[PDB]
Amino acid sequence: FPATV
Amino acid sequence: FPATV
Amino acid sequence: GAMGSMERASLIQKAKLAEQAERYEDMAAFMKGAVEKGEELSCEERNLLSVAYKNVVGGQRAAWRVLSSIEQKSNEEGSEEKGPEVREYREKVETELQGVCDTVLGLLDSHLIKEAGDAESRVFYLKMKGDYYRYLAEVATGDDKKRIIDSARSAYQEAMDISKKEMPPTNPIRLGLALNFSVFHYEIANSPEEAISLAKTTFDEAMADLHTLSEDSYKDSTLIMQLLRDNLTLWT
Amino acid sequence: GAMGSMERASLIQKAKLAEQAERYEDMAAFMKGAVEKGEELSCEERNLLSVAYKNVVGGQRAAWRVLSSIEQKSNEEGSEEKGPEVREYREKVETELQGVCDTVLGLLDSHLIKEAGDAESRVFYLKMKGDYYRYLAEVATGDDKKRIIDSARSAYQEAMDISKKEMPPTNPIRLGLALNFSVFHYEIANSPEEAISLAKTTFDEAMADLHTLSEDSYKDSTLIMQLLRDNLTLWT
Ligand SMILES: *CC(=O)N1CCC2(CC1)CCN(C(=O)[C@]1(Nc3ccc(Cl)cc3)C[C@@H](C)O[C@@H](C)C1)CC2
Ligand SMILES: *CC(=O)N1CCC2(CC1)CCN(C(=O)[C@]1(Nc3ccc(Cl)cc3)C[C@@H](C)O[C@@H](C)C1)CC2
Ligand SMILES: [Mg+2]
Ligand SMILES: [Mg+2]
Ligand SMILES: [Mg+2]
Ligand SMILES: [Mg+2]
Ligand SMILES: [Mg+2]
Ligand SMILES: [Mg+2]
């Protein structure tokens, strides 16, 4: 999965 | 801590 | 509410203890109680609220993906019929996830966003609104899916418009918003080109503004810039 | 009970899904429902029950230790007074932990142990009884502490007596019981010499019986023997 914050 | 199972 | 009898300051203190103990459900419940006191939240308090729910829903999303994969495998040719249990349990987890998302959205709507006038607060809350509609969109399969997706998009877009007007390109909130909106484009809106363009432009504009920053601000901004780069590497 | 309307086989199936999803609270609730059907548990089912509650209470114990350490630091000279919140939240976590332990002990008493006649089932359940009284003893500070400790000791001792009569020295249940009873001696009963003697004798007697085993049994036994060695290394 891609990075989120 | 020591090992337990 | 169960936290109605506890002091605001005590709820915040206990939220911080819960974080140290990795008790994120407790942390979220304490922060919900603090929001429901009706006073605005400071920067640190907004961060506690976000950390708590991000961790709770993150665990739910991971579990949902495990169960959804098992369910998908069960519906392949040659797969033995095992009854309704996989669907039922995926639905259980899904319903709990949706409940948490609805809780967060409810706090934002009643009444965090309407009282948030400074860019840093308003952008942060609108980003959260986008994030929790995005998590609802991840599990949506019915007639409201398009409206759920559009609600995420609208919240992110309002946040973006304010951030571009009111914050420098290195601001950590502006950066984190852009990172997550880019992921929305890639994973939810079927718009990988938009995702890539947004991540690239955000990265490059931040790069150009690093020269204005202290050592500590530089560290904060570059940490999030690396995540933009990581996603670009994944996507190209 | 909330699981009263769900089939036994469905509860077991869902316990296994919950394990895959790392949803140990759900796993425990499913297994509680399965026990409450009133039928005896198979080997695999006993293991699911144990895994679920071990993981739930393990997380509670870790959180309790974090909070207890903060509380201890708060009661040192020169520490600023911060009010009742640390104690209150440690108490909250403690009460939840005690509740889970009481739930497991209740399942064992009503009626798992009394129906368990084979050594493998009875020793396993009595070991569990010792373990959950040990977790109660870890947090006990009052007038019943001695009786709680003695309840752990008595359960472990009955399990030991049966295991020595009825199981080979390499049996994984006999080994795991001895490992945990040795920890009881070291950490709860203030008996480090007994802990060390038990771990050493258990290890050495198992070593001598490995020659009787298949490759797969050898792997199972040696894995737990390594834990005995690890504790001996810690303690010497
Ligand atoms: C007071 C305020 O506005 N805050 C607290 C600091 C923070 C922004 C919200 C910026 C620093 N920070 C982070 O960089 C990380 N989390 C987030 C960044 C941006 C957004 Cl919009 C939300 C969260 C946490 C850090 C440990 O790791 C980096 C990668 C992201 C915390 C939030
Ligand atoms: C059916 C039955 O009696 N079981 C299932 C197998 C098992 C005993 C209970 C033995 C193999 N096993 C383990 O070795 C581990 N867990 C435990 C061992 C012993 C006891 Cl008494 C309780 C648990 C799990 C394994 C992954 O890691 C080793 C170190 C311990 C599972 C339980
Ligand atoms: Mg007050
Ligand atoms: Mg649904
Ligand atoms: Mg553009
Ligand atoms: Mg039936
Ligand atoms: Mg108490
Ligand atoms: Mg002896």
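Counting starts at 1 for both ligands and their atoms, following the listed order. Chain naming here is simple, since letters A, B, ... match the order of the sequence lines and numbering starts at 1 in each. Heavy-atom basis, side chains included; hydrogens, waters and symmetry copies ignored.
Considering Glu40(C), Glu45(C), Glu39(C) as possible partners of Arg8(C), the one that fulfils the salt bridge (charged side-chain N to carboxylate O under 4.0 Å, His left out) test is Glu45(C).
Side-chain N or O atoms of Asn180(C) include none that pairs as donor or acceptor with a backbone N or O of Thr4(A) at under 3.5 Å. With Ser197(C) contributing its side chain and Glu194(C) its backbone, the two residues share no donor-acceptor pair below 3.5 Å.
Summarising the local packing, NZ of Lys146(C) is surrounded by 12 or fewer heavy atoms from other residues, nucleotides or ligands at distances under 6.0 Å. Atom NZ of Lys164(C) has 12 or fewer neighbouring heavy atoms from other residues, nucleotides or ligands inside a 6.0 Å radius. No more than 12 heavy atoms of other residues, nucleotides or ligands sit less than 6.0 Å from atom NZ of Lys200(C). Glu7(C) CD: 12 or fewer foreign heavy atoms inside a 6.0 Å radius.
Within 4.0 Å of atom 15 (C) of ligand 2, not a single protein heavy atom is present. Counting protein heavy atoms under 4.0 angstrom from atom 7 (C) of ligand 2 gives zero. Distance remark: protein heavy atom not present below 4.0 angstrom from atom 24 (C) of ligand 2.
Taking every heavy atom of both residues into account, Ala116(C) and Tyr125(C) meet most closely at CB-CD1, 3.7 Å.
Taking the six-membered ring for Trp and the full ring otherwise, the centers of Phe30(D) and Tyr89(C) sit less than 6.0 Å from each other.
With a 4.0 Å cut-off on non-hydrogen atoms, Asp220(D) does not touch ligand 2 at all. Counting heavy atoms closer than 4.0 Å to ligand 2, residue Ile173(D) contributes atoms from both its backbone and its side chain.
Excluding waters, the set of protein N, O or S atoms lying under 2.8 Å from the Mg ion (ligand 3) comprises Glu7(C) OE1.
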Go through it in stages, so that I can follow the logic: the residues are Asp102(D) and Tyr132(D), the test is side chain to side chain donor-acceptor pair (under 3.5 Å), and I'd like the CA-CA distance, side-chain angles, deciding distance and then a yes or no.
CA-CA 8 Å; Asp102(D) 288 348; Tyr132(D) 288 87; over 6 Å; no
Steps toward side chain to side chain donor-acceptor pair (under 3.5 Å) verdict (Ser154(D), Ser151(D))
CA-CA 5 Å; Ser154(D) 182; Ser151(D) 286; over 6 Å; no
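Relative to atom 32 (C) of ligand 2, the option among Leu227(D), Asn47(D), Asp118(D), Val123(D) with the closest non-hydrogen atom is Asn47(D).
Look at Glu187(C) and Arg134(C) and you find no salt bridge, because none of the NZ, NE, NH1 or NH2 atoms lies under 4.0 Å from a carboxylate O.
At the top of the distance list for atom 13 (C) of ligand 2, counting protein heavy atoms only, stands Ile224(D) CD1, 4.5 Å. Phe124(D) CE1, 3.5 Å is the protein heavy atom nearest to atom 9 (C) of ligand 2. From the protein, the heavy atom lying nearest to atom 20 (C) of ligand 2 is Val5(B) CG2, 3.9 Å. Protein heavy atom closest to atom 2 (C) of ligand 2, with residue, atom name and distance, is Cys43(D) SG, 2.6 Å. Of all protein heavy atoms, the one closest to atom 19 (C) of ligand 2 is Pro172(D) O, 3.5 Å. At the shortest separation from atom 26 (C) of ligand 2 among protein heavy atoms lies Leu223(D) CD2, 4.8 Å.
Listed by number with element, the atoms of ligand 2 under 4.0 angstrom from any heavy atom of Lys127(D) are 21 (Cl).
Note on ligand 2: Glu120(D) sits outside its first shell, no heavy atom being nearer than 4.0 Å.
The cationic atom of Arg153(D) (NZ for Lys, CZ for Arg) does not lie both less than 6.0 Å from the six-membered ring centre of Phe184(D) and within 45° of the ring axis.
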